[PDB]
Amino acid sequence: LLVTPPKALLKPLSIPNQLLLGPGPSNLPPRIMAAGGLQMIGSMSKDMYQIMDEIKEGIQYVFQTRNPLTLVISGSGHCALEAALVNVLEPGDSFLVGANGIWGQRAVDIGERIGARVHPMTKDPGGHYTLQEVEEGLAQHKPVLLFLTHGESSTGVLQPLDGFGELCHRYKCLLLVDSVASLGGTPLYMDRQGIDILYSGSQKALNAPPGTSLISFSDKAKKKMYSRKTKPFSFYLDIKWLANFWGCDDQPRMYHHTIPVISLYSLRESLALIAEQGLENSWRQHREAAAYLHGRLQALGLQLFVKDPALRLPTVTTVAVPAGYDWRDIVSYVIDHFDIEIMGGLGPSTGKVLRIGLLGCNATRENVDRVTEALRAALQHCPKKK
C-alpha cells in the first residue's frame, strides 16, 4: 500500500470546550446535540419526507411566509445565496447589489461568475441603503433582482427592510435578502415586507450545526426561475429538482441528491426550539442581550463601530479596535486564556473591528459578562504600542 493508515486517526477524537461568541457558528444546546447523535433513516423514506415537511413549516414560520417554494439547501449560507442567484439570474440579467460588506461583495462575485450584469451600490463598512439610494439604482440599472443584506455580520449593521420590497416591485425587480445573521434575532416578515427570495443559515441564531441553509421564493421569483430559457449552471442547486424533492410541486418526489438526514434532524430540532420560544420572544431576547452588551462594552472604554443605535445588528456587534492594540492579540488572548471565541473583521471590515456574536441560546447575560471580563483582561494584558 502506497499510503499506510494515518497514525493520528488511530487516536480518539477529542474536542475542546469552547464558548463561541463570534458571528457564528454558535454553540449547540443539548437538544440539538442529542438530535445529531441519532441513527439513520432512509433518505427517501416516508418518515424522512415527514421530517422535511415539518422543517418546511418551521422555515415558513421563522421567515413568516406562506410560500410553497420553501426548502433546505444542502450547503452552507453561501450555498443558499448561490442557489438563489444561479436560478434567478440568466446570463446578461441586470443585478443590483447592496455592496456594503463582505456579503454584498460575495453576491457580486457570484453574479459575475454566472454572467449577470452586476451593478454594485458600493458602500464603506458601516454603511446601509436608504430607499432613495435603492430607487436611484433601480432607475439607473433596470435590474431584475436586487440583493440586500439584512444582517451585515461583517459590519454589525441592521439594514431596514420596510418598503424595499414594494419599491423593487414598482420597478419590476425581485428582492433577495440575506438573513443568515439576522433571522431569529431581529424582526423579519418575508411576505409582509415583499421579499421575493429570503435565505438564512443553520448555525447563527438557530444554533444548529453549520452546513445547511434555509431558502424561500415568492411566486414572482418562482415565475422567473421557471420561465428562463437557459438551464441554471448548477445541477446540485437546480430549483426545479429541489422543489420537486422537497414536495413543492405537483409530481412525485424524484431522487435528486441525498439530503443530509442527520443534519435535518438537528435543523428540525432547532426550528422546534424557536417555535417553542416564539419569534417575538426571541427578538426580545436578542434585543435585550445586545443592549446589555453595548453598555458593558462602552463601560470598558470601547467604541461601538455602528454609531446610530437603530442600525446596530443585535446578533453581531462590531467594536472599534482600540488604538494601540493589535486586534489579533486581543482575539488570541481571549481564546487562549478563556476558551472564548470572538472574531476580528471580515472583508472590508478587516483590521477595523472586533465582532461579538449573541446567537440564540448564547444570547445571555452570563455570556455578555464572560466576554466583557475577557476583553477587560485582554485590554490589561495585551501589548499596547509605546
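Residue numbers here begin at 1 and follow the sequence given.
Read off the CA B-factors in the entry, average them over 9 to 17 and over 361 to 369, and name the higher stretch. Stretch with the greater average CA B-factor: 9 to 17.
Which has higher Cα B-factors on average according to the PDB entry: 234 to 242 or 131 to 139? It is 131 to 139 that shows the higher mean C-alpha B-factor.
In this PDB entry, which of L69, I342, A320, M48 has the top CA B-factor? Checking the PDB record, the top C-alpha B-factor among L69, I342, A320, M48 is at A320.
Maximum C-alpha temperature factor per the entry, among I197, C79, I274, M121, belongs to which one? That would be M121, according to the entry.
For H150, does the deposited CA B-factor place it in the lowest, middle or highest third of the chain? Within its chain, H150 is a middle-third residue by C-alpha B-factor, going by the deposited values.
Can you tell me whether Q203 has a C-alpha B-factor in the lowest, middle or highest third compared with the other modelled residues of the same chain? For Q203, the deposited C-alpha B-factor lands in the lowest third.
Could you tell me which third, lowest, middle or highest, the C-alpha B-factor of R192 occupies within its chain? CA B-factor rank for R192: highest third.
If you rank every modelled residue in this chain by C-alpha B factor, which third holds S43: lowest, middle or highest? CA B-factor rank for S43: lowest third.
Quick check for you: using the entry's CA B-factors within this chain, is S332 in the lowest, middle or highest third? Tercile = middle for this residue's CA B-factor.
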